[PDB]
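All residue numbers for the sequence shown refer to the numbering used here, where the first residue is 11 and numbers rise by one.
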Amino acid sequence: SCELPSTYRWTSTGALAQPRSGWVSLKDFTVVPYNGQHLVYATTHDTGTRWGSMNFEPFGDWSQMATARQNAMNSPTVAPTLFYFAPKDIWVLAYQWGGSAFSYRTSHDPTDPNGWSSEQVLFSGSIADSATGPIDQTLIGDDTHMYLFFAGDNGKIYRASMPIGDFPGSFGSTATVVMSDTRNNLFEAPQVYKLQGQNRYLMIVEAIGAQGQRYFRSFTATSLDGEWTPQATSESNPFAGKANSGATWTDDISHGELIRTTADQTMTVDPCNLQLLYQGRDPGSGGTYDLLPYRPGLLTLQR
Ligand SMILES: OC[C@@H]1O[C@@H](O)[C@H](O)[C@H]1O
Ligand SMILES: [Ca+2]
């Protein structure tokens with residue numbers, strides 16, 4: 011494969027879709043390959059105070075995201091993570107702000123926004139020193155374990171694990187801090203992937219920059235239960251940010267996901283073809299955080 015660069019350079023699209031009437035934003039994207047198409051779920055917010063979730067109809071190419079039907083979910087699954095859990099031939103949708111810290115549901119047809127099972131507990135722990143509590147889960151498995159990573163809007167990244175044979179189920183109520191920094195440097199939206207062709211995992215984490223602009227920092231590990239090493243960890247030399255995105259429609263490069271080689275729990279990405287589906291917003295936007303007009307965009311790594 012292709013080693014991660016020490017300096018990332020991207021090109022970007024503009025906004026790839028506008029929210030369906032009634033929503034002010036589309037956020038926190040999760041995306042899988044599904045029958046040769048892209049299947050995307052997202053957080054929504056309306057014009058008042060309501061968070062929700064949605065999926066898009068599957069679409070073939072990124073120009074079709076703008077016209078793909080946007081399907082409200084009748085059960086809100088904010089900041090979702092979608093994947094196929096191969097060992098039990100079942101799809102899993104993990105999320106937050108349900109009945110415990112994190113939740114999940116299952117389905118045999120992930121294109122159906124309303125086909126998910128009743129809510130199941132994914133994590134029932136609490137964390138110290140956090141205004142939000144646990145936020146922005148992500149999940150990944152290797153040959154023997156499933157792993158849960160999450161943030162706390164507090165400078166820490168947390169990890170829990172279970173034997174893969176016990177999944178789907180709850181990770182319990184305890185977690186291990188695997189990294190800590192200032193609140194702004196390890197803020198939220200972690201995503202963890204296996205790099206195809208390398209004995210290496212990639213973690214990206216959203217950070218808040220010096221003028222409030224959102225960007226991503228990257229870290230690597232050789233084992234999911236091992237230590238993380240800074241890979242691109244400043245605003246001027248980020249994994250992805252205003253410094254290197256090639257995007258003018260947005261300064262923020264915020265909560266999203268890399269395009270994967272598989273839908274399943276191995277969370278594999280091709281380091282020769284990194285692409286980031288992120289949320290961005292017009293630099294002229296402002297006002298209360300919850301009403302910010304986020305939209306999807308796509309970065310393609312230059313090589
Ligand atoms: O979009 C809802 C939440 O806002 C942000 O703080 C999070 O990354 C996400 O969990
Ligand atoms: Ca996420």
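Think of the CB as a built atom: it goes at the ideal place given N, C-alpha and C, for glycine as much as any other residue.
- Output yes or no for whether 8 Å exceeds the beta carbon distance between residue 307 and residue 52. Numbered from 1 along the sequence shown, position 297 holds the residue referred to as residue 307. Numbered from 1 along the sequence shown, position 42 holds the residue referred to as residue 52. No, Cβ-Cβ distance for residue 307 and residue 52 is not below 8 Å.
- Is the Cβ-Cβ distance between residue 162 and residue 142 less than 8 Å? The sequence position of residue 162 within the sequence shown is 152, counting from 1. The sequence position of residue 142 within the sequence shown is 132, counting from 1. Contact flag set, yes.
- With DSSP as the reference, label residue 145 as helix, strand or coil. Here residue 145 refers to the residue found at position 135 when the sequence shown is read from its first residue. DSSP places residue 145 in strand when its eight states are reduced to three.
- Message: Could you check whether residue 273 and residue 20 sit closer than 8 Å to each other, using their CB atoms as the reference points?
- Response: Along the sequence shown, one-based indexing puts residue 20 at 10. Along the sequence shown, one-based indexing puts residue 273 at 263. Going by C-beta atoms, residue 20 is not nearer than 8 Å to residue 273.
- Task: Could you tell me which of 193, 309, 117 and 59 sits nearest to residue 129, measuring between CA atoms?
- Result: As a first step, residue 129 must be located in the sequence shown, where it is residue number 119. Answer by Cα proximity: 117.
- Residue from 80, 298, 277 and 257 whose Cα sits closest to the Cα of residue 289: Taking the sequence shown and counting its residues from 1, the one referred to as residue 289 is at position 279. When each option's Cα is compared against that of residue 289, the closest is 257.
- Does ligand 1 have even one heavy atom less than 7 Å from the beta-carbon of residue 166? For the purposes of this step, residue 166 is taken as the residue at position 156 of the sequence shown. No, the beta carbon of residue 166 sits no closer than 7 Å to any heavy atom of ligand 1.
- Query: Anyone know if the C-beta pair for residue 41 and residue 267 falls short of 8 Å?
  - Reply: For the purposes of this step, residue 41 is identified with residue 31 of the sequence shown, where counting begins at 1. For the purposes of this step, residue 267 is identified with residue 257 of the sequence shown, where counting begins at 1. Taking 8 Å as the Cβ cut-off, residue 41 and residue 267 qualify as a contacting pair.
- Mind checking whether residue 208 and residue 279 have CB atoms under 8 Å apart? The count along the sequence shown starts at 1 and reaches residue 208 at position 198. The count along the sequence shown starts at 1 and reaches residue 279 at position 269. No.
- With respect to 7 Å, is the separation between the Cβ of residue 87 and the closest non-hydrogen atom of ligand 2 below this value? Stepping through the sequence shown from its first residue, residue 87 is reached at position 77. False, no ligand heavy atom lies under 7 Å from that Cβ.
- Task: Indicate whether the contact test is met: 3 or more Cβ pairs, each with one atom in the segment 170 to 188 and one in the segment 214 to 225, closer than 8 Å.
- Result: no
- Item | Neighbourhood of residue 113 by C-beta distance below 6 Å, restricted to the same chain and skipping five residues each side | Locating residue 113 in the sequence shown gives position 103, counting from the first residue. If we look at residue 113 and ignore the five residues flanking it on each side, its Cβ neighbours are 105, 129 and 132.
- Item | Segments assigned beta strand (DSSP E), at least 3 residues, entirely inside the segment 149 to 177 | 155 to 161 and 166 to 173
- Best match in 122, 159, 37 and 296 for proximity to residue 214 [C-alpha to C-alpha]: Mapped onto the sequence shown, residue 214 falls at position 204. For residue 214, the nearest C-alpha among the options comes from 159.
- Task: Kindly examine ligand 2 and report whether one of its heavy atoms sits closer than 7 Å to the Cβ of residue 208.
- Result: The count along the sequence shown starts at 1 and reaches residue 208 at position 198. The answer is no for residue 208.
- Item | Sequence-distant residues of the same chain with beta carbon closer than 7 Å to residue 232, five excluded per side | One-based indexing of the sequence shown puts residue 232 at position 222. Contacts found: 209 and 210.
- Item | Span separating the alpha-carbon of residue 27 from that of residue 138 | Your numbering for residue 27 matches position 17 in the sequence shown. Your numbering for residue 138 matches position 128 in the sequence shown. Each residue's Cα considered, the two are about 38 Å apart.
- Query: Mind checking residue 154: buried by the 16 CB within 10 Å criterion, or exposed?
  - Reply: Residue mapping note: residue 154 aligns to position 144 of the sequence shown, counting from 1. So residue 154 counts as exposed.
- Message: Following a CB-centred definition, is residue 38 positioned closer than 7 Å to any heavy atom of ligand 1?
- Response: As a working note, residue 38 is residue 28 in the sequence shown. Checking the Cβ of residue 38 against ligand 1 gives yes.
- Rounded separation between residue 149 and residue 38 - CA only: Working through the sequence shown from its first residue, we reach residue 149 at position 139. Working through the sequence shown from its first residue, we reach residue 38 at position 28. Residue 149 and residue 38: Cα-Cα distance of roughly 15 Å.
- Under 7 Å from any heavy atom of ligand 2, does the C-beta of residue 146 make it? For the purposes of this step, residue 146 is identified with residue 136 of the sequence shown, where counting begins at 1. Correct: residue 146 has its Cβ closer than 7 Å to ligand 2.
- Query: Within this structure, are the beta carbons of residue 75 and residue 123 separated by less than 8 Å?
  - Reply: Within the sequence shown, residue 75 is the residue found at index 65, counting from 1. Within the sequence shown, residue 123 is the residue found at index 113, counting from 1. Not a contact, by the Cβ cut-off of 8 Å.
- Message: Looking at the secondary structure, which residues open and close the beta strand (DSSP E) in which residue 105 lies?
- Response: Numbered from 1 along the sequence shown, position 95 holds the residue referred to as residue 105. Unbroken beta strand (DSSP E) run through residue 105: 100 to 106.
- Nearest CA to the CA of residue 83: which residue from 312, 44 and 127? Indexing the sequence shown from 1 puts residue 83 at position 73. Cα-wise, what sits closest to residue 83 is 127.
- Item | Cutoff 8 Å: residue 118 Cβ touching any chain D Cβ | No chain D appears in the structure shown, which is made up of a single protein chain.
- If you measure from the CB of residue 91, is any heavy atom of ligand 1 nearer than 7 Å? Walking along the sequence shown from the start, residue 91 turns up at place 81. Incorrect: residue 91 has no Cβ contact closer than 7 Å to ligand 1.
- Would you decide whether residue 237 is buried or exposed? Buried here means 16 or more other CB atoms lie within 10 Å of its CB. Translated into positions along the sequence shown, residue 237 becomes position 227. Classification of residue 237: exposed, given that the 10 Å Cβ count is below 16.
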